[PDB]
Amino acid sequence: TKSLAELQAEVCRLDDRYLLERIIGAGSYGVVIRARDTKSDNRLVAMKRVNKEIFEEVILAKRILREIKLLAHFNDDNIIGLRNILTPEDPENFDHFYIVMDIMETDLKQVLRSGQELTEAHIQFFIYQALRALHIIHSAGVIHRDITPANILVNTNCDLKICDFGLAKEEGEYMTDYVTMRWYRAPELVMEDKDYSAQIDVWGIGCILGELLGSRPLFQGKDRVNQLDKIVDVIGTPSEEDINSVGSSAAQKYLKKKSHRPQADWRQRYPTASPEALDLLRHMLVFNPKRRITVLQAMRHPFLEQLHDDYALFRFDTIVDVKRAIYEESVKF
């Protein structure tokens, strides 16, 4: 549960294949471990542990089941792959299980935190790979809903893979305020629009693009209303017709009483950035999702012209019932 040796003994009781080396990721409901597969010629592999707290709530367990299903559903180079599903043979012992994925060197949150220099060529390849991945996910009728730098895995080859389908949605729910990271939520989410689209993932890419171009997270809200303030302070006060197009009645009312903020100068925010980069960034971060750039349009944008090259529908359907479904996904290996 905690020490590496304790985790190793736990994994060995599931499958003797995997040798643990070091913990590379920490989550709210489990840790991520760098392991080597002794039967696959000691190749490096990532292992994602799911702890007991997931199987205490039905909602949480249904989320993890969908995540495994989605990982197995996709077979693409820009989406993190699924290698195995380790589950306890005894239902009386099933209070945890492991998700085995391909290994990536690091992720973007990290990369940005190191303050490492990134060229426009680096950003172009990152952004296109992320968009191309989103196009595949969206074509399968799935919305990622959690597009953040931490959920974007990268190598020194600048190869990119999207991970964490833990909050993925069908292409209308009540968003929670009890969150640790709300800085990448689209304005339609922030303003409590019950029904949203795949454009919320585009917003996340824009936020990521804003940071890749040389910046800390653009919209650092401490709460929901404050998140809206941080967004509007930057992109500027939207037109009356756009305000009426997104948000609940109360959210629209608050936004109208707010003082006028002009569209901030992207050129001043990024003195070195190309006009193509600043336009894609501007269009990705449009208030109204209906006027916001789409994934297809973003892939065809002049900023990615040297990279652009001219999927099946995912079917959505107690805690014990979820556990049984997870082992069924394990049998497939």
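Quick note: we count residues from 1 along the sequence shown, nothing fancier.
- Counting the unmodelled positions of the deposited sequence between residue 171 and residue 172 gives a small gap of 1 to 3 residues.
- The mean Cα B-factor in the deposited entry runs higher for 107-115 than for the other of 230-238 and 107-115.
- When the C-alpha B-factors of 197-205 and 150-158 are averaged, 150-158 comes out higher.
- Of all the options 192, 89, 177, 76, the entry's greatest CA B-factor is assigned to 89.
- The deposited CA B-factor of residue 51 belongs to the lowest third of values across its chain.
- For residue 69, the recorded CA B-factor ranks within the middle third of the chain. Only modelled residues enter the ranking.
- Among all modelled residues in this chain, the alpha-carbon of residue 210 has a temperature factor (C-alpha) in the lowest third.
- Among all modelled residues in its chain, residue 279 ranks in the lowest third by Cα B-factor.
- Ranked by Cα temperature factor within the chain, residue 245 sits in the middle third according to the deposited record.
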